[PDB]
Amino acid sequence: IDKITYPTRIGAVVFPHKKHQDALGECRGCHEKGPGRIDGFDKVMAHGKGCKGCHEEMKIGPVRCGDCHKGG
Ligand code: HEM
Ligand code: HEM
Ligand code: HEM
């Protein structure tokens with residue numbers, strides 16, 4: 001499993017998981033409580049430190065709505 005798709009009303013988001021693990025070369029950063037499900041992962045988390053927040057800080061990755069949400 002390399003890609004994780006999040007089906008959302010506003011347009012589905014595809015998370016290229018392997019790309020991220022290869023790019024960051026670490027697990028604990030995103031998986032604070034050890035690799036596995038991330039408890040409480042939702043819209044607010046994704047728009048925050050869960051997804052968009054990192055892209056803004058690292059200045060790489062999608063930060064604009066449509067660069068994540070695609071498919072109508
Ligand atoms: C080799 C290091 C990594 C390991 C072993 C790992 C492992 C996993 C596993 C086992 C899953 C599936 C969990 C499930 O089905 O509930 C997953 C999901 C996920 N991983 Fe990783 N991961 C790694 C690195 C990363 C990195 C670097 C990020 C952050 C850029 C990340 C973010 C996520 C997210 C957001 C999910 C979905 C969580 C959820 O749906 O609750 N992972 N990862
Ligand atoms: C201000 C611009 C954005 C808007 C207006 C927006 C809007 C939304 C909305 C309304 C939801 C809730 C689900 C739905 O109603 O369909 C959502 C979920 C989510 N958004 Fe965004 N989003 C934006 C930017 C982003 C960006 C840039 C990313 C990717 C880095 C992203 C990733 C996600 C993810 C992964 C979820 C699903 C979380 C879950 O499955 O619980 N969004 N977004
Ligand atoms: C589930 C939440 C996240 C979503 C939906 C997401 C989505 C994406 C997508 C679609 C790309 C662009 C891939 C491409 O170049 O085609 C990307 C790239 C990237 N993201 Fe995320 N991301 C998430 C979380 C994170 C987190 C938490 C970090 C930092 C702690 C991060 C760091 C990066 C970096 C470094 C890249 C460049 C990877 C590359 O192009 O090789 N992302 N992200």
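What's counted below: heavy atoms across the whole structure, side chains too, no hydrogens, waters or symmetry copies. First listed ligand is number 1; within each ligand, the first listed atom is number 1. Position 1 is the first residue of the sequence, and the numbers go up from there.
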Next item on the list: Look only at interatomic distance and state if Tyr6 has a nitrogen or oxygen under 3.5 Å from any nitrogen or oxygen of ligand 3.
Entry: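 No.
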Check: For ligand 1, which atoms, with element, lie under 4.0 Å from some heavy atom of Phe15?
Finding: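 Heavy-atom distances to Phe15 below 4.0 Å select 32 (C), 33 (C), 34 (C), 35 (C).
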Item checked: Under 4.0 Å to a heavy atom of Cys30 - the qualifying atoms of ligand 1, by number ->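 With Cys30 as reference, the close atoms of ligand 1 come out as 26 (C), 27 (C), 28 (C), 29 (C), 30 (C), 31 (C), 32 (C).
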Next item on the list: Compute the shortest N/O to N/O distance between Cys27 and ligand 1 and return yes if it is under 3.5 Å, no if not.
Entry: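 No.
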For [atom], the protein heavy atom that lies nearest, with its residue and separation:
atom	result
atom 27 (C) of ligand 3	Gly50 O, 3.4 Å
atom 23 (C) of ligand 2	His47 NE2, 3.5 Å
atom 31 (C) of ligand 2	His69 NE2, 3.4 Å
atom 37 (C) of ligand 2	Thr8 CG2, 3.8 Å
atom 7 (C) of ligand 3	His55 CE1, 3.5 Å
atom 35 (C) of ligand 1	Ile38 CD1, 3.5 Å
atom 16 (O) of ligand 2	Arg9 N, 2.6 Å
atom 8 (C) of ligand 1	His31 NE2, 3.5 Å
atom 36 (C) of ligand 3	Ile60 CG2, 4.0 Å
atom 41 (O) of ligand 2	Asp42 CA, 3.1 Å
atom 14 (C) of ligand 3	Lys19 NZ, 2.9 Å

Note to self: Under 2.8 Å from atom 21 (Fe) of ligand 1, can any N, O or S atom of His17 be found?
What the structure shows: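 Looking at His17, which is the residue asked about, there is an N, O or S atom under 2.8 Å from atom 21 (Fe) of ligand 1.
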Check: If you measure from each non-hydrogen atom of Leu24 to ligand 1, which part falls under 4.0 Å: side chain, backbone, both or neither?
Finding: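 Within the 4.0 Å criterion, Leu24 contacts ligand 1 through side-chain atoms alone.
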Margin query: Using heavy atoms and a 4.0 Å limit, tell me yes or no: is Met45 in contact with ligand 2?
Written below: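 In this structure, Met45 fails to qualify as a contact of ligand 2 - no heavy atom is under 4.0 Å.
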Note to self: With a 6.0 Å cut-off (strictly less than), is the heavy-atom count around CD of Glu32, excluding the residue itself, greater than 12?
What the structure shows: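 Open: at most 12 neighbouring heavy atoms sit under 6.0 Å from CD of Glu32.
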Item checked: Atom name in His20, limited to N/O/S, at shortest distance from atom 21 (Fe) of ligand 3 ->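 Nearest to atom 21 (Fe) of ligand 3 within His20's N, O and S set: NE2.
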Note to self: Once you measure the plane-to-plane angle for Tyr6 and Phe41, does it fall in the parallel (<30°), tilted (30-60°) or perpendicular (>60°) bin?
What the structure shows: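 The rings of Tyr6 and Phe41 sit tilted, inter-plane angle from 30° to 60°.
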Margin query: As an exercise, identify every atom of ligand 2 less than 4.0 angstrom from a heavy atom of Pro62.
Written below: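 Near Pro62, the atoms of ligand 2 are 27 (C), 30 (C).
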Checklist line | Numbered atoms of ligand 2 (with element) below 4.0 Å of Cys51, judged on heavy atoms | finding: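 Listed by number with element, the hits are 30 (C).
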Margin query: Quick check on atom 21 (Fe) of ligand 2: does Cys68 put an N/O/S atom closer than 2.8 Å to it?
Written below: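 Within the cut-off used here (under 2.8 Å), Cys68 places no N, O or S atom near atom 21 (Fe) of ligand 2.
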Note to self: Tell me whether atom 21 (Fe) of ligand 2 has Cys65 as a neighbour, meaning an N, O or S atom of it below 2.8 Å.
What the structure shows: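 Here the distance criterion (N, O or S atom, under 2.8 Å) is not met by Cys65, so no.
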Margin query: Among all the protein's heavy atoms, is there at least one whose distance to atom 12 (C) of ligand 1 comes out below 4.0 Å?
Written below: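 Given the 4.0 Å limit, the answer for atom 12 (C) of ligand 1 is no, no protein heavy atom qualifies.
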Notebook entry, point to check: Hey, which atoms in ligand 3 end up nearer than 4.0 Å to a heavy atom of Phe41?
Noted result: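 Those of ligand 3 that fall under 4.0 Å from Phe41 are 1 (C).
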Notebook entry, point to check: Are any of the N/O atoms in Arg64 less than 3.5 Å from those in ligand 2?
Noted result: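 Looking only at distances, the answer is no, because the N/O contact criterion of under 3.5 Å is not met.
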Next item on the list: Check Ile60, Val63, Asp67 against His55 for a side-chain contact (heavy atoms from CB on, under 4.5 Å) and give me the one that passes.
Entry: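 Among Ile60, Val63, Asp67, the one meeting side-chain contact (heavy atoms from CB on, under 4.5 Å) with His55 is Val63.
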Notebook entry, point to check: What part of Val13, side chain, backbone, both or neither, has a heavy atom within less than 4.0 angstrom of ligand 3?
Noted result: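 Within the 4.0 Å criterion, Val13 contacts ligand 3 through side-chain atoms alone.
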Item checked: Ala46 to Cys51 - nearest heavy-atom pair and separation ->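 Shortest heavy-atom separation between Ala46 and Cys51 comes out as O-CB, 2.9 Å.
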Any chance you could measure [X], atom [atom1], to [Y], atom [atom2], to the nearest 0.5 Å?
X	Y	atom1	atom2	value
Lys19	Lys3	NZ	NZ	6.0 Å
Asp42	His47	CG	NE2	9.5 Å
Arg28	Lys33	CZ	NZ	15.5 Å
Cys27	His20	SG	NE2	13.5 Å

Checklist line | Contact check, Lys49 vs ligand 3, heavy-atom distance below 4.0 Å | finding: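 A heavy atom of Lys49 does come that close to ligand 3.
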Margin query: Please confirm whether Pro16 approaches ligand 3 to less than 4.0 Å, judged on its heavy atoms.
Written below: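 Per 4.0 Å heavy-atom rule, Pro16 contacts ligand 3.
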Item checked: Selected option - heavy-atom contact closest to atom 10 (C) of ligand 1, from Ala46, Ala23, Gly36 ->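 Considering heavy atoms of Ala46, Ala23, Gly36, the nearest to atom 10 (C) of ligand 1 sits in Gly36.
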Margin query: Set out, in order, the CA-CA distance, both residues' side-chain angles and the distance that settles side chain to side chain contact (heavy atoms under 4.5 Å, CB included) for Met58 and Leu24, then state yes or no.
Written below: CA-CA 11 Å; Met58 300 192 160; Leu24 305 177; 3.9 Å; yes
Note to self: Can you tell me if, anywhere in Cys54, an N/O/S atom lies at a distance from atom 21 (Fe) of ligand 3 that is smaller than 2.8 Å?
What the structure shows: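 Within the cut-off used here (under 2.8 Å), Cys54 places no N, O or S atom near atom 21 (Fe) of ligand 3.
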Next item on the list: Answer yes or no: is there a side-chain heavy-atom contact under 4.5 Å between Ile38 and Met45?
Entry: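 With C-beta onward as the side chain, the pair touches.
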Note to self: Could you check whether any side-chain heavy atom of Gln21 comes within less than 4.5 Å of a side-chain heavy atom of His17, counting everything from C-beta outward?
What the structure shows: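 Sidechains of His17 and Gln21: in contact.
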Check: Heavy-atom contacts under 4.0 Å between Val63 and ligand 2: side chain, backbone, both, or neither?
Finding: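 The answer is the backbone.
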Next item on the list: Treating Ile, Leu, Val, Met, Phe, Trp and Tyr as nodes and any side-chain heavy-atom pair under 4.5 angstrom as an edge, say whether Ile4 and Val13 lie in one connected cluster.
Entry: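 Yes, because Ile4 and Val13 connect within a single hydrophobic cluster, where side-chain heavy atoms sit under 4.5 Å apart.
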